[PDB]
Amino acid sequence: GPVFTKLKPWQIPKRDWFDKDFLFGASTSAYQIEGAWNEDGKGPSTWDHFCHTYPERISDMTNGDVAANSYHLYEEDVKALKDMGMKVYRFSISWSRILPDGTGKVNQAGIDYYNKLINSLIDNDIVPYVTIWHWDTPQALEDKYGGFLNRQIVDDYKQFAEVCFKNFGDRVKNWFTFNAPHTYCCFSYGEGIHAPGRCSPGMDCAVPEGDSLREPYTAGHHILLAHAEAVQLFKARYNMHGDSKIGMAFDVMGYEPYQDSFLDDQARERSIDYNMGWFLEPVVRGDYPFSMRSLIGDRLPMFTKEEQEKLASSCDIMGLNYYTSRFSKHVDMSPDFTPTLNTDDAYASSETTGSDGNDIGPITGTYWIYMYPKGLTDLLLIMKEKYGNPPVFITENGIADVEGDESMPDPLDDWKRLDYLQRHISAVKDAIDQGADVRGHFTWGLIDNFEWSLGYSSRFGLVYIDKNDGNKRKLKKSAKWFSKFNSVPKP
Amino acid sequence: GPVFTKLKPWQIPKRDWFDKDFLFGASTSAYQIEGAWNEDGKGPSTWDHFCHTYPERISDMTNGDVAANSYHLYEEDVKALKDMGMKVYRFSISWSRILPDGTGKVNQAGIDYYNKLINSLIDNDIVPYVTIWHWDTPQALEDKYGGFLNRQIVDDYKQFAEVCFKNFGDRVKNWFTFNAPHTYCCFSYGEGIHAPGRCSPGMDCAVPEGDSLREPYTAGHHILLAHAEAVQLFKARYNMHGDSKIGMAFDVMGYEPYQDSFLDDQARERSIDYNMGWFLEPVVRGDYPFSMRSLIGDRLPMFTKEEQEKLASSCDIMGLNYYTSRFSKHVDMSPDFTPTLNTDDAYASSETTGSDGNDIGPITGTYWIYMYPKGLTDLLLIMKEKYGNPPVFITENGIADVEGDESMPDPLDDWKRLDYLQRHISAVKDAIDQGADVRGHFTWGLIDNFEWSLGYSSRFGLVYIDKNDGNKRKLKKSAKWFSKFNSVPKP
Amino acid sequence: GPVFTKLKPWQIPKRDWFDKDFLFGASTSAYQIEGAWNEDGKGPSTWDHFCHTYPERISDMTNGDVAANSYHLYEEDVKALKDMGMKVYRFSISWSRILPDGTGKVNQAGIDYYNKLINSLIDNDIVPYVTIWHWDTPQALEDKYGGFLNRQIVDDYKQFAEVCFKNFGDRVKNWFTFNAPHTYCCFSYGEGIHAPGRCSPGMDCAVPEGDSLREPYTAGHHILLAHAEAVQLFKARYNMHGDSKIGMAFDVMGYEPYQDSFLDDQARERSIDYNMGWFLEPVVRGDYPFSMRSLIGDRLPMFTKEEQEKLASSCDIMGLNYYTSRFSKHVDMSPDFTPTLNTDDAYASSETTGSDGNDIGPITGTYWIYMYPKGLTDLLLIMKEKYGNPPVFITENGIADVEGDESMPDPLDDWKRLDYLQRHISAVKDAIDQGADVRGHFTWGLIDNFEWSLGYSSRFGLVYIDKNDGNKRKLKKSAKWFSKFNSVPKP
Ligand SMILES: COc1ccc2c(c1)O[C@H](O[C@@H]1O[C@H](CO)[C@@H](O)[C@H](O)[C@H]1O)C(=O)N2O
Ligand SMILES: COc1ccc2c(c1)O[C@H](O[C@@H]1O[C@H](CO)[C@@H](O)[C@H](O)[C@H]1O)C(=O)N2O
Ligand SMILES: COc1ccc2c(c1)O[C@H](O[C@@H]1O[C@H](CO)[C@@H](O)[C@H](O)[C@H]1O)C(=O)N2O
């Protein structure tokens, strides 16, 4: 109550279930953990600005001014990884910390910071995987031309990426250009609950003077073009040794038909196309899914022949951020239905409950994460069978422990997160057993952090951040399981 | 709310899904519809007695004194069958109406009644299937020696069966010796909620001076012996033409493991053994399931070599009464668990909710019937693969519309029962497609009737009985669907 | 005659059929090869005592006083392994040689011996796998409190294990707490043909004053508790580096239903539960198989909550000792059958001949080993599908060349053993191909040894021991095949 059944002990994954090359790690993002939002010359990002001018748009009215203060305490992050025996760490680089004005002079203090983190990770036998952008846009560019709604963001992003390549490319060999593009577009320009908080007039978001049916697509189109330019540059001048890889990380939910009928089967396909295909298909074949173009038309920008070719095969590795799944319920095209939110264009509503009234799976804490590991295996098999089976990393996976939930009184006793993670690691094993080329699993939540519009009320970390005890890092039950799982020598 | 999703129109069964020989019908039982409990010489049954001396043990404090008064209105029952186009009608013969004293002089008025019903069914091109006993024991024998708890019931039942064979055998060619033996033993001698209402001292039933760990098995053992004797007699003297068939109808629930583990897989097997195997395995191989003997031991009577042989292969046709399914949760043998109810001997608790917290299926009205058609298909495939694939008839299948349920305001608008029935008829099609030898489907509920301890508060009929309008028969939406399904000529 | 068909040359396993990490080795046990039964302070074991006071209980009236004299000639054992190119050697440690009185002062001469063997194996690039106990109990403890029939054996064994851990744990990283627990209990306390030779009064064994229906279970229960204590200690203080593994080696026979019927299918499951589940299920879930508890009841000791948890998941690696298979024939529960031997509790007789009269497979020499490689593959797939697919090593596998068998005139020309081994190695390949996590194959019989109650009359070695030529080691045809198989450089 809420009845949460755990795996039988013999069904718990062991490290040897995966080969020696498989990689276990954890992930974080700059704004969610760094803090020092205006220290040593760092310029403001769209999230600094969003929180500072519309504080009420954050659940518990908190922000990322300090977060986990990883800007100063990064050594503790490295130690937590080491203690758990993680082989890889995926973190993001703050665009505004590197280039305070989005463009122009680079902030050497910013470059020094990341070089320290990188060298520390390497000193501790941990491989650094870098996310170039994680919703982290310089407010300078946002003020100048509307950030990602303007084509100028394409070359500006390219230059930013190049700064990262030349300064860290000698040690960092794996990159992700963008993180969760679909969620970013939906929340930042559709519902407007995320920075810059734009939506259509009449809707309830910070700044209701956008267009929920167009801005999300405009932003997504620029993201893809920026990605294409950065990768072309990378392949041309920053992979001389031939051992570097660059890709993108997509946020994806699994889908099951709401009701067993060919209609909901088709709806499920439209849902996958919209959630995953939106940004994956372009980097694979150089164009959006046919379903999206047929339903969105003029509101979805066309690619030029040159862009199409630039985008096709522009990923060496694919990142999949997976948390949950939904039932896909078919919506008919008729005068009775008129899209108002970009997500309406899929003509498939995402339902948490199936045709028999049952939830897709056990709730895990935060309202949107229902546990359904099968969904991940299915998505991985689609990557294999439909998209050429490219190298895939689960770049995000986990659950939140919510404040106020009395079934989670001890923040360190996260047996629920542990069971969830073990089940998804097992689901990845199933996919690998079926031929999917899955290369690693990065738990979302190296440490508790600023969970965007939900503030700190949601704890996603393997490692607790004691905000009342100087932001101390304290390993949770889940983290300790990893220590054992990874055979970390005992003190 | 309660969200009840209906089949898509193209998923609705058509009569031609089944071959020309397949049989669609409906069922009833003497005490549940006849009435005239003491008319024309009929003696009292254990249910007349149970209701008359412990009226409070019936939900709405009603009884079967008149029920649907089919004793007088049987012509209306025949007409309802005809109007729906049913090919078969399965009804039961009242032991106490035929032999008021259980033994001795036969009540000619009783014999005349059934001969009228039989001839009327034949006159209307409907084949009569007869259930010899349906919990319908003469209170005379109950008073004399404890009814089914005494071995004398074996020969008395045999003589009763013979009276039926010689008087109706020239026209009736298909028989079921007993109906729902497992439910009868569990409720009449375990929980004691059914006549004669016996249970262990300290338990809450009409007469708590029995033994819930022994009487159920004693009664079941006598039922099997009685069955064996009746069939031997039938095969020897009442099947001279070789075209008659006799079997038994078993009440069965489907089972799914509570949690995915070999332990609950084993628990599911024990549940099937206990619910279905208890009486099916003896008529198949001549002995109870091994699991039951290993867990019940001395409390489960042994069969003699002669009885074992008499029982083996004693069924020409199998009847399956299916309504719902449950999850089977494993219970360990230990000092912490001590059986008190016969059902505890299976060491597998029947759960309505799975390991993920979800109900097995949509509720349909009465509290114990959750919709799960897959369960029926699975049981039918077990009959095929494990028990020799004998001829099987779904002798009971349906749901109840409960009084007080405001989501069912019009008693004739039973679209929920219709959807449920269509789904189970489809499930039978699936089994047939997979090789199961299923010969027919009899809906439980030709008409609303006396639903034992729940009185008339539960309406299971395809045909409404207007108790306020002289017990008039009125076809419900479900019944009208059958008229179309069966291509009945229109007036 | 006996017609023994060999594999076609293209069906013979090649080393590259298995990956680089797969391990090929051979096994032995202290009492079967060491000799020097009372040298340098070693105290007597239950087998020294058994042979010395009941010499007639040994087939050819021989014993292990000297055996292969490996106490002095261990260098020759190491050389044989090297010559065959074996990567691993699994040997056992003599409890009585380490602690002459079972408890107390450690015999330094014993510790020095094993340190020499270990260092020699390492010097020759061979990894040592150690079996802590192989039926090898100190007669001191047997005299003091009845050995394994007394709970005191639990802590005494624990202390013995600790002595092994602290003295050899720096170089030995893989352990097996006990070997063939099922066979030990059945033969030592059921039939009593093995030391201490106990059985029920009226039976024919050395000391018929035990209880074949209880002592086997009492001994097995103490074995499991001892195992649990030793592993907990190991994990807590002797795996600081996280690279050590400890498990158990189970003797297991494959089973096929005697006749094709659900009854023999159920019997097969009971046979597997009894032979393999008896000790495997406790180390997996912390309790005996349900079938055993349901049939053995009070004669099978209960585990406490603490013990159950201590036992669950107490194995890092599983050892499977496989030689043959049998048909499982169902036995009904009835007054006509009363158990007298512990093995009777499975209600499934192990038959060498099937329902069609045919033997399960070709005889190989000794009367109990019929060749049936399919049985091993099936057991390995059960480990995978039912028990979580833990790391498995075939810790024993082979056949005997019997003295007096004129179809085996040249003891070095063991082409039959070679064919048998190649077929089982191929069977392991099949299991691996189907997903079973099999890590290695250890042939039973590094060299001919003392085969318990059959003395030296049975030769199980890959390497001949010329007892008439100073116990010289001479490679047989099988051994030479391994040299080629393993690509050992030629002289
Ligand atoms: C607010 O509800 C919600 C619904 C769907 C999704 C999100 C949020 O965000 C997810 O994206 C990740 O969320 C985690 C946990 O909040 C963040 O820490 C990560 O930075 C973010 O990528 C999800 O992708 N999206 O579907
Ligand atoms: C009272 O709850 C309950 C639970 C399980 C079962 C029954 C009742 O009775 C069922 O047997 C059939 O029930 C129908 C509907 O009440 C009657 O009209 C039939 O006469 C009876 O055979 C079911 O078999 N049993 O599992
Ligand atoms: C005596 O017949 C017999 C029947 C079954 C079994 C055994 C003997 O012993 C086996 O155990 C292994 O046997 C080999 C060969 O004799 C010994 O050298 C090993 O030490 C022993 O583990 C088998 O497990 N058992 O089923």
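Order of the sequence lines sets the chain letters (A, B, ...), proteins ahead of strands, with each chain counted from 1. Heavy-atom basis, side chains included; hydrogens, waters and symmetry copies ignored.
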Hits for disulfide (SG to SG under 2.5 Å) against C/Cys185, two or more places apart or cross-chain, chain-then-number order -> none
For B/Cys186, the disulfide (SG to SG under 2.5 Å) test, sequence neighbours excluded, returns none
CZ (C/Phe262) and CD1 (B/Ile382) are apart, to the nearest 0.5 Å, by 11.5 Å
Whatever's closer than 4.5 Å to a heavy atom in chain C on B/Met302 counts as side chain
| task | Assess whether side-chain contact (heavy atoms from CB on, under 4.5 Å) is satisfied between B/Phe290 and C/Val331, documenting all intermediate values. | result | CA-CA 9 Å; B/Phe290 181 91; C/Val331 176; over 6 Å; no
Pairs of donor and acceptor atoms, chain C with chain B, under 3.5 Å:
residue	atom	partner	partner atom	Å
C/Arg285	NH1	B/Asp332	OD1	3.1
C/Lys305	NZ	B/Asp336	OD2	3.4
C/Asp332	OD1	B/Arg285	NH1	3.1
C/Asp336	OD2	B/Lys305	NZ	3.4

